[PDB]
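The opening residue of the sequence shown carries number 1881 in the authors' numbering; numbering runs sequentially from there.
First comes the structure, then the notes that go with it.
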Amino acid sequence: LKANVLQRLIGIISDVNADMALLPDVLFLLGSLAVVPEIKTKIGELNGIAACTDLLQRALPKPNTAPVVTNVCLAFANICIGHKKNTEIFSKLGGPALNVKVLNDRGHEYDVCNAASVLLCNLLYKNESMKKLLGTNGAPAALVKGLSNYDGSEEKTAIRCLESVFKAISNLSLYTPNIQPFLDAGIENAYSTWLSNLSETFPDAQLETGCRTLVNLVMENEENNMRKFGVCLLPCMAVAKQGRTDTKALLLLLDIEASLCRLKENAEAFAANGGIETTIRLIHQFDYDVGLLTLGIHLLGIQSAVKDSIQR
(Lines of atoms letter the chains of each structure in order from A and count residues from 1; the text may use other names and numbers.)
(Lines give C-alpha, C1' and ligand atoms only; values in the text may rest on other atoms or scores of the structure.)
Protein backbone atom coordinates (compact mmCIF):
# COMPACT_ATOMS: atom_id res chain seq x y z
CA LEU A 1 0.00 0.00 0.00
CA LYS A 2 2.72 2.47 1.01
CA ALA A 3 4.47 1.77 -2.32
CA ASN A 4 1.15 2.15 -4.17
CA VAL A 5 1.77 -1.13 -5.99
CA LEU A 6 -1.87 -1.65 -6.95
CA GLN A 7 -2.25 1.85 -8.42
CA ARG A 8 0.91 1.31 -10.45
CA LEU A 9 -0.26 -2.00 -11.91
CA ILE A 10 -3.69 -0.46 -12.44
CA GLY A 11 -2.07 2.48 -14.29
CA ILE A 12 -0.04 0.27 -16.64
CA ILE A 13 -3.33 -1.51 -17.35
CA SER A 14 -4.88 1.87 -18.16
CA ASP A 15 -2.05 3.16 -20.35
CA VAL A 16 -3.41 2.85 -23.88
CA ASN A 17 0.23 2.62 -25.06
CA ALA A 18 1.35 0.02 -22.48
CA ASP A 19 4.09 -2.48 -23.32
CA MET A 20 2.14 -5.34 -24.90
CA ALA A 21 4.70 -7.95 -23.81
CA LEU A 22 4.74 -6.87 -20.16
CA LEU A 23 1.00 -6.33 -19.79
CA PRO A 24 0.10 -10.08 -19.52
CA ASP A 25 2.48 -10.28 -16.53
CA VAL A 26 1.02 -7.12 -14.99
CA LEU A 27 -2.48 -8.57 -15.29
CA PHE A 28 -1.36 -11.92 -13.85
CA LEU A 29 0.31 -10.34 -10.82
CA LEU A 30 -2.68 -8.15 -10.05
CA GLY A 31 -4.99 -11.17 -10.00
CA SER A 32 -2.47 -13.13 -7.93
CA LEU A 33 -2.24 -10.48 -5.17
CA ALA A 34 -6.01 -10.93 -4.72
CA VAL A 35 -4.99 -14.04 -2.79
CA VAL A 36 -4.80 -11.84 0.33
CA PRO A 37 -8.48 -10.91 0.97
CA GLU A 38 -7.47 -7.38 1.99
CA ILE A 39 -5.85 -6.53 -1.35
CA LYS A 40 -8.73 -8.21 -3.22
CA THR A 41 -11.24 -5.64 -1.92
CA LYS A 42 -8.69 -2.79 -2.28
CA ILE A 43 -8.25 -3.56 -5.99
CA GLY A 44 -12.02 -3.15 -6.36
CA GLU A 45 -11.88 0.15 -4.43
CA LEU A 46 -8.87 1.48 -6.38
CA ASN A 47 -10.92 1.26 -9.61
CA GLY A 48 -9.12 -1.84 -10.85
CA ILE A 49 -12.06 -3.73 -12.27
CA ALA A 50 -12.87 -0.66 -14.40
CA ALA A 51 -9.35 -0.41 -15.79
CA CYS A 52 -9.63 -4.11 -16.66
CA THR A 53 -13.07 -3.95 -18.33
CA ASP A 54 -11.79 -0.98 -20.36
CA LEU A 55 -8.75 -2.94 -21.47
CA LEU A 56 -10.83 -5.96 -22.43
CA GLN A 57 -13.05 -3.62 -24.48
CA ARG A 58 -10.25 -1.88 -26.37
CA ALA A 59 -8.41 -5.23 -26.88
CA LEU A 60 -11.17 -7.51 -28.18
CA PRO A 61 -11.11 -6.40 -31.87
CA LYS A 62 -7.30 -6.02 -31.92
CA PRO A 63 -4.96 -8.81 -33.13
CA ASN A 64 -2.09 -10.17 -31.00
CA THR A 65 -4.15 -9.78 -27.81
CA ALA A 66 -4.72 -13.45 -26.94
CA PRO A 67 -2.27 -13.34 -23.94
CA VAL A 68 -3.89 -10.04 -22.85
CA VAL A 69 -7.48 -11.28 -23.14
CA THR A 70 -6.91 -14.53 -21.28
CA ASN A 71 -5.04 -12.82 -18.46
CA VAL A 72 -7.67 -10.10 -17.99
CA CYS A 73 -10.36 -12.79 -17.89
CA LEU A 74 -8.39 -14.75 -15.27
CA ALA A 75 -7.64 -11.61 -13.30
CA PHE A 76 -11.40 -11.05 -13.23
CA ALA A 77 -11.84 -14.62 -12.01
CA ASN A 78 -9.40 -14.20 -9.15
CA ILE A 79 -10.72 -10.75 -8.16
CA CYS A 80 -14.47 -11.45 -8.24
CA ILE A 81 -14.65 -15.08 -6.98
CA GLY A 82 -17.00 -15.10 -3.98
CA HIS A 83 -16.46 -11.34 -3.54
CA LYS A 84 -19.93 -9.79 -3.78
CA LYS A 85 -18.76 -6.17 -3.61
CA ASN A 86 -16.25 -6.71 -6.46
CA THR A 87 -18.70 -8.96 -8.38
CA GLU A 88 -21.25 -6.12 -8.30
CA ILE A 89 -18.78 -3.51 -9.60
CA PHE A 90 -18.18 -5.98 -12.46
CA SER A 91 -21.89 -6.43 -13.18
CA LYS A 92 -22.52 -2.66 -13.08
CA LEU A 93 -19.67 -2.30 -15.61
CA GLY A 94 -21.37 -4.90 -17.84
CA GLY A 95 -18.68 -7.54 -17.34
CA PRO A 96 -21.00 -10.60 -17.60
CA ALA A 97 -21.91 -9.55 -21.13
CA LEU A 98 -18.25 -8.92 -21.92
CA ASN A 99 -17.46 -12.50 -20.84
CA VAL A 100 -20.16 -13.78 -23.20
CA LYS A 101 -18.79 -11.46 -25.90
CA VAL A 102 -15.33 -13.04 -25.40
CA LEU A 103 -16.71 -16.57 -25.83
CA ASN A 104 -18.85 -15.60 -28.83
CA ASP A 105 -16.22 -13.48 -30.62
CA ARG A 106 -13.03 -15.45 -29.72
CA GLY A 107 -14.00 -19.08 -29.09
CA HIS A 108 -11.54 -20.17 -31.81
CA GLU A 109 -8.65 -19.25 -29.46
CA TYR A 110 -7.96 -22.06 -27.01
CA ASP A 111 -6.19 -20.09 -24.26
CA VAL A 112 -8.97 -17.47 -24.39
CA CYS A 113 -11.95 -19.82 -24.51
CA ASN A 114 -10.46 -21.56 -21.47
CA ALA A 115 -9.99 -18.41 -19.37
CA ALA A 116 -13.45 -17.07 -20.24
CA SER A 117 -15.01 -20.35 -19.11
CA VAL A 118 -13.05 -20.20 -15.85
CA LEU A 119 -14.38 -16.66 -15.26
CA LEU A 120 -17.99 -17.85 -15.68
CA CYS A 121 -17.58 -20.60 -13.07
CA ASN A 122 -15.70 -18.23 -10.71
CA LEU A 123 -18.64 -15.81 -10.80
CA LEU A 124 -21.38 -18.44 -10.33
CA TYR A 125 -19.66 -19.64 -7.14
CA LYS A 126 -21.93 -18.55 -4.25
CA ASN A 127 -23.48 -15.61 -6.18
CA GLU A 128 -26.96 -16.79 -7.20
CA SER A 129 -27.29 -13.27 -8.60
CA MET A 130 -24.60 -14.35 -11.08
CA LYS A 131 -26.37 -17.65 -11.77
CA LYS A 132 -29.57 -16.15 -13.21
CA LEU A 133 -27.81 -13.30 -15.04
CA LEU A 134 -25.59 -15.63 -17.13
CA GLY A 135 -28.44 -18.00 -18.06
CA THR A 136 -30.06 -14.93 -19.64
CA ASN A 137 -26.84 -13.09 -20.65
CA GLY A 138 -26.75 -15.45 -23.65
CA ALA A 139 -23.91 -17.41 -22.07
CA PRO A 140 -25.59 -20.84 -22.52
CA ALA A 141 -25.61 -20.26 -26.29
CA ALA A 142 -21.95 -19.20 -26.49
CA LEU A 143 -20.86 -22.35 -24.66
CA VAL A 144 -22.99 -24.53 -26.96
CA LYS A 145 -21.57 -22.64 -29.95
CA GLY A 146 -18.06 -23.58 -28.79
CA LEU A 147 -18.89 -27.26 -28.23
CA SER A 148 -20.36 -27.34 -31.75
CA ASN A 149 -17.22 -25.57 -33.00
CA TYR A 150 -14.76 -28.12 -31.57
CA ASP A 151 -12.54 -29.41 -34.40
CA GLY A 152 -11.60 -32.65 -32.62
CA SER A 153 -8.06 -31.28 -32.12
CA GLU A 154 -6.00 -33.05 -29.46
CA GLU A 155 -3.50 -30.35 -28.40
CA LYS A 156 -3.32 -29.71 -24.64
CA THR A 157 -4.67 -26.18 -25.26
CA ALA A 158 -7.74 -27.61 -27.05
CA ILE A 159 -8.22 -30.37 -24.47
CA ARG A 160 -7.94 -28.04 -21.46
CA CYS A 161 -10.31 -25.69 -23.32
CA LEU A 162 -13.06 -28.30 -23.61
CA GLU A 163 -12.63 -29.49 -20.06
CA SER A 164 -13.36 -25.87 -19.10
CA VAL A 165 -16.28 -25.27 -21.49
CA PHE A 166 -17.86 -28.48 -20.15
CA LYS A 167 -17.14 -27.40 -16.57
CA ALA A 168 -18.96 -24.12 -17.22
CA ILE A 169 -21.93 -25.79 -18.90
CA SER A 170 -22.24 -28.03 -15.83
CA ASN A 171 -21.94 -25.37 -13.13
CA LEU A 172 -24.60 -23.42 -15.05
CA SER A 173 -27.02 -26.37 -15.39
CA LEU A 174 -26.60 -26.77 -11.63
CA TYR A 175 -29.24 -24.03 -11.34
CA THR A 176 -32.47 -25.57 -12.69
CA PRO A 177 -33.47 -22.09 -14.02
CA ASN A 178 -30.49 -22.11 -16.41
CA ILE A 179 -31.22 -25.63 -17.74
CA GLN A 180 -34.02 -24.74 -20.19
CA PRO A 181 -31.91 -21.93 -21.81
CA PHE A 182 -29.38 -24.57 -22.91
CA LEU A 183 -32.13 -26.66 -24.43
CA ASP A 184 -33.48 -23.72 -26.44
CA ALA A 185 -29.85 -23.11 -27.47
CA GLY A 186 -29.75 -26.66 -28.90
CA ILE A 187 -27.12 -28.31 -26.69
CA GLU A 188 -28.44 -31.66 -28.04
CA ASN A 189 -27.24 -30.82 -31.56
CA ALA A 190 -23.79 -29.86 -30.28
CA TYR A 191 -23.15 -32.93 -28.10
CA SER A 192 -24.12 -34.94 -31.17
CA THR A 193 -21.51 -33.22 -33.35
CA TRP A 194 -18.86 -33.66 -30.62
CA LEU A 195 -19.38 -37.42 -30.32
CA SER A 196 -19.71 -37.89 -34.10
CA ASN A 197 -16.33 -36.15 -34.68
CA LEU A 198 -14.52 -37.94 -31.84
CA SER A 199 -11.68 -40.40 -32.44
CA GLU A 200 -10.34 -43.52 -30.68
CA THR A 201 -7.22 -41.42 -30.10
CA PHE A 202 -9.36 -38.83 -28.23
CA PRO A 203 -8.59 -38.68 -24.45
CA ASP A 204 -10.89 -40.85 -22.33
CA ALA A 205 -10.80 -38.42 -19.37
CA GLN A 206 -12.52 -35.78 -21.48
CA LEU A 207 -15.12 -38.17 -22.85
CA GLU A 208 -16.05 -38.71 -19.17
CA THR A 209 -16.28 -35.01 -18.28
CA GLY A 210 -18.46 -34.53 -21.39
CA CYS A 211 -20.82 -37.51 -21.24
CA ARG A 212 -21.18 -36.87 -17.50
CA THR A 213 -23.28 -33.79 -18.34
CA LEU A 214 -25.28 -35.41 -21.17
CA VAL A 215 -26.09 -38.09 -18.58
CA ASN A 216 -27.74 -35.47 -16.36
CA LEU A 217 -29.38 -33.67 -19.28
CA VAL A 218 -31.28 -36.88 -20.17
CA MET A 219 -31.61 -38.32 -16.68
CA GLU A 220 -35.36 -37.87 -16.13
CA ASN A 221 -38.01 -39.65 -18.19
CA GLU A 222 -39.64 -36.65 -19.92
CA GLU A 223 -40.73 -38.44 -23.13
CA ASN A 224 -40.33 -35.26 -25.22
CA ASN A 225 -36.77 -34.70 -23.95
CA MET A 226 -35.83 -38.28 -24.92
CA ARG A 227 -37.11 -37.40 -28.39
CA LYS A 228 -35.17 -34.12 -28.11
CA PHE A 229 -31.84 -35.91 -27.52
CA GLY A 230 -32.59 -38.71 -30.02
CA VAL A 231 -29.92 -37.16 -32.25
CA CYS A 232 -27.41 -38.35 -29.63
CA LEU A 233 -28.12 -42.08 -29.95
CA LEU A 234 -26.41 -43.25 -33.18
CA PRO A 235 -23.18 -41.25 -32.37
CA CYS A 236 -23.14 -42.36 -28.72
CA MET A 237 -23.23 -45.90 -30.15
CA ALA A 238 -20.60 -45.34 -32.83
CA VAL A 239 -18.27 -44.04 -30.10
CA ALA A 240 -18.77 -47.23 -28.02
CA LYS A 241 -17.69 -49.51 -30.89
CA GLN A 242 -14.34 -47.68 -31.00
CA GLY A 243 -12.79 -50.18 -28.54
CA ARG A 244 -11.87 -48.22 -25.41
CA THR A 245 -11.09 -49.78 -22.03
CA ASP A 246 -12.28 -46.90 -19.82
CA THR A 247 -15.11 -48.67 -17.98
CA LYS A 248 -16.13 -45.37 -16.38
CA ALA A 249 -16.44 -43.79 -19.85
CA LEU A 250 -18.47 -46.69 -21.30
CA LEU A 251 -20.77 -46.75 -18.25
CA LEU A 252 -21.82 -43.20 -19.15
CA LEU A 253 -22.04 -43.93 -22.89
CA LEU A 254 -24.48 -46.78 -22.21
CA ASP A 255 -26.28 -44.85 -19.45
CA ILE A 256 -26.95 -42.25 -22.16
CA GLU A 257 -28.44 -45.03 -24.31
CA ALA A 258 -30.44 -46.62 -21.45
CA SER A 259 -32.05 -43.30 -20.55
CA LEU A 260 -32.73 -42.61 -24.24
CA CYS A 261 -34.03 -46.11 -25.06
CA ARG A 262 -36.94 -45.50 -22.66
CA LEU A 263 -38.46 -44.15 -25.91
CA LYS A 264 -39.64 -46.88 -28.28
CA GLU A 265 -38.49 -44.77 -31.27
CA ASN A 266 -34.89 -44.93 -29.95
CA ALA A 267 -35.07 -48.47 -28.59
CA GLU A 268 -35.89 -49.57 -32.13
CA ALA A 269 -33.16 -47.41 -33.64
CA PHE A 270 -30.70 -48.92 -31.12
CA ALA A 271 -31.70 -52.37 -32.29
CA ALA A 272 -31.60 -51.61 -36.02
CA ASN A 273 -28.10 -50.16 -35.81
CA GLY A 274 -26.67 -53.36 -34.25
CA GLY A 275 -26.78 -51.83 -30.76
CA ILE A 276 -27.67 -55.14 -29.15
CA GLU A 277 -24.89 -57.02 -30.99
CA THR A 278 -22.28 -54.51 -29.84
CA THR A 279 -23.76 -54.39 -26.33
CA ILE A 280 -23.07 -58.11 -25.80
CA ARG A 281 -19.63 -57.87 -27.49
CA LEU A 282 -18.89 -55.19 -24.86
CA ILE A 283 -20.51 -56.96 -21.92
CA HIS A 284 -18.13 -59.84 -22.68
CA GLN A 285 -14.80 -57.99 -22.45
CA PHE A 286 -15.83 -56.05 -19.39
CA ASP A 287 -17.69 -58.71 -17.41
CA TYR A 288 -15.45 -58.09 -14.40
CA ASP A 289 -17.17 -54.69 -14.20
CA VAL A 290 -20.18 -55.19 -11.89
CA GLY A 291 -21.77 -51.92 -13.12
CA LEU A 292 -21.25 -52.22 -16.88
CA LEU A 293 -22.81 -55.67 -16.56
CA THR A 294 -25.77 -54.32 -14.55
CA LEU A 295 -26.37 -51.68 -17.18
CA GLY A 296 -25.80 -53.92 -20.23
CA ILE A 297 -28.42 -56.48 -19.20
CA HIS A 298 -30.81 -53.69 -18.18
CA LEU A 299 -30.24 -52.26 -21.68
CA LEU A 300 -31.16 -55.70 -23.06
CA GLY A 301 -34.26 -55.89 -20.83
CA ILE A 302 -35.77 -53.02 -22.81
CA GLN A 303 -35.12 -55.05 -25.97
CA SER A 304 -37.41 -57.95 -25.02
CA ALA A 305 -40.29 -55.58 -25.82
CA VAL A 306 -38.75 -54.46 -29.13
CA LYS A 307 -39.78 -56.54 -32.18
CA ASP A 308 -37.48 -58.92 -34.08
CA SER A 309 -34.96 -58.41 -31.25
CA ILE A 310 -35.17 -61.50 -29.03
CA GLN A 311 -34.21 -63.34 -32.22
CA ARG A 312 -31.35 -60.91 -32.82
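Heads up, the beta-carbon is just placed ideally off N, CA and C, and yes, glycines get one too.
- Secondary structure at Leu2027: helix, using DSSP grouped into helix, strand and coil.
- Burial of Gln2183 is indicated by the presence of at least 16 other C-beta atoms within 10 angstroms of its C-beta.
- Burial check for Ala1883: the Cβ neighbour count within 10 Å stays below 16, so the residue is exposed.
- Membership of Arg1888 in the alpha helix (DSSP H) is indicated by the continuous run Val1885 to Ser1894.
- In the structure shown, the three-state DSSP call for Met2010 is helix.
- In the three-state DSSP reduction, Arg2161 falls in the helix class (H, G or I).
- Judged by beta-carbon spacing, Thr2081 lies beyond the 7 Å limit of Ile2049, meaning their Cβ atoms are not closer than that value.
- The three-state secondary structure of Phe1970, taken from DSSP, is helix.
- Between the alpha carbons of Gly2066 and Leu2162 lies a gap of roughly 31 Å.
- Counting along the chain, the unbroken alpha helix (DSSP H) around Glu1918 starts and ends at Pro1917 to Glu1925.
- The beta carbon of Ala1931 is closer than 6 Å to those of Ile1890, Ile1893 and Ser1894 in its chain, skipping five residues each way along the sequence.
- Per the Cβ contact rule, the stretch 2123-2132 is in contact with the stretch 2164-2180 (3 or more Cβ pairs under 8 Å).
- For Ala2021, the closest alpha carbon among the candidates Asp2031, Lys1981 and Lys2108 is that of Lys1981.
- Spanning the alpha carbons of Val2095 and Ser2139 requires a straight line of approximately 8 Å.
- Here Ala1914 is not near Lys1922, since their CB atoms are 7 Å or more apart.
- A contact is defined here as three or more CB-CB pairs under 8 Å, and the stretch 1941-1948 fails this definition with respect to the stretch 1960-1968.
- For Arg1938, the enclosing alpha helix (DSSP H) starts and ends at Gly1928 to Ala1939.
- Across the structure, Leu2075 and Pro2115 are spaced so that their CA atoms are roughly 6 Å apart.
- Within the stretch 2103-2127, the complete alpha helix (DSSP H) segments of 4 residues or longer fall at 2103-2108 and 2113-2121, listed in chain order.
- Note on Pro1917: under 16 other CB atoms within 10 angstroms of its CB, so exposed under the neighbour-count rule.
- Between the alpha carbons of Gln2191 and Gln2086 lies a distance of about 37 Å.
- Less than 7 Å separates the beta-carbon of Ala1977 from that of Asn2017.
- Contact annotation: the stretch 1991-2008 touches the stretch 2035-2043, with at least three C-beta pairs closer than 8 Å.
- Assignment of alpha helix (DSSP H) within the stretch 2056-2107, counting only whole runs of 4 or more residues, yields 2059-2065, 2067-2077 and 2084-2097 in chain order.
- Using a 10 angstroms sphere on the CB of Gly1962, the tally of other CB atoms stays under 16, which defines it as exposed.
- In this structure, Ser2028 lies near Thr2073, with their beta-carbon atoms less than 7 Å apart.
- With a contact defined as Cβ atoms closer than 8 Å, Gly2026 and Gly1987 qualify at about 4 Å.
- With 16 or more neighbouring CB atoms inside 10 Å of its own CB, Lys2108 falls in the buried class.
- Excluding residues up to 5 positions away in sequence, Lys2047, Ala2048 and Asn2051 lie with their Cβ nearer than 7 Å to the Cβ of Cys2001 in the same chain.
- Under the three-state reduction of DSSP output, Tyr1990 falls in the helix class.
- Shown here, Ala1901 sits in coil according to DSSP, grouped into three states, outside any helix or strand.
- Counting the other CB atoms within 10 Å of its CB gives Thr2174 a total below 16, which places it among the exposed residues.
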